[PDB]
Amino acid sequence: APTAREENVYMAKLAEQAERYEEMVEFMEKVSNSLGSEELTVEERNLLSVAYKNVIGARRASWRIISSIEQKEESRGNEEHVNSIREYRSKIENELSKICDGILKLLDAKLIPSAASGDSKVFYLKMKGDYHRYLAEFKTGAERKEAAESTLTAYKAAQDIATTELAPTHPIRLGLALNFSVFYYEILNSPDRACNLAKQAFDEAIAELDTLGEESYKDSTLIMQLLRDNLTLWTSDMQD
């Protein structure tokens, strides 16, 4: 008979196919809270991150829509709609704060103390950077500073390991550079250090591809397109 861990992993993949990512999250958390000294397999670790990226991702999209609407109704001085919109937004933000705190507790409690290779250390620290950065995207004032500070500590810990342990062409490292640069551009409003970081990750990858090739080419070339996309539209905005 299969173990609970096997059946939770199987349910999670059923949850992903039915597109019920909340329950996908719950199943993958049962797997994580059942760990001893060992760490998640690449597959389970990617199932956890896909679950959470899709739960948070639906709220982020909702937040963005409700924010743009509120910015329009502010533009007309239509306060009653504005107050309704903001109660709605505040509710979406309460979910964002809960989803983030779920994964962020897991990461510090189970996942990061189990990481045993460079691959997973970077993977979990970058995911800690990511979810502190989703908080930053909507927090204001004192709360925003704390998020941004947490984000920067996590991404820099990730990158100290990534640049010393993974190849320039590794998708988790390229993904880290991609997000770290986005954090400089959109949270810290620093286009100078966004481009320096993004373009340096791209150039070290190109250099490795030109001399050594790489394995898992599929994933990296697309993140590399992402890097180049953000770069060419960041640098058109500095000029334009």
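In case it trips you up, residue 1 is the first one in the sequence shown, and so on.
**Q** Identify the stretch, either 21-29 or 225-233, whose C-alpha atoms have the larger mean B-factor according to the entry.
**A** Per the PDB record, 225-233.
**Q** Return whichever of 208-216 and 51-59 has the greater mean Cα B factor according to the PDB record.
**A** The stretch with the larger mean CA B-factor is 208-216.
**Q** Can you pull the Cα B-factors for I92, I99, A115, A136 from the entry and say which is highest?
**A** Within the set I92, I99, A115, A136, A115 shows the top C-alpha B-factor.
**Q** Out of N83, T153, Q159, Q71, which one has a C-alpha B factor higher than all the others in the entry?
**A** Spelled out: the listed residue with the top C-alpha B-factor is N83.
**Q** Mind checking which third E44 falls in for C-alpha B-factor across the chain?
**A** It belongs to the middle third of the chain when residues are ordered by C-alpha B-factor.
**Q** Per the entry's values, where does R173 land by CA temperature factor relative to the rest of its chain, in the lowest, middle or highest third?
**A** Lowest third.
**Q** Taking only the Cα B-factors deposited for this chain, tell me whether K199 sits in the lowest, middle or highest third.
**A** Middle third.
**Q** Should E165 be placed in the lowest, middle or highest third of its chain by the C-alpha B factor in the entry?
**A** Middle third - that is where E165 ends up once the chain's C-alpha B-factors are sorted.
**Q** Compared with the other modelled residues in the chain, in which third is the CA B-factor of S181?
**A** Ranked within chain, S181 CA B lands in the lowest tercile.
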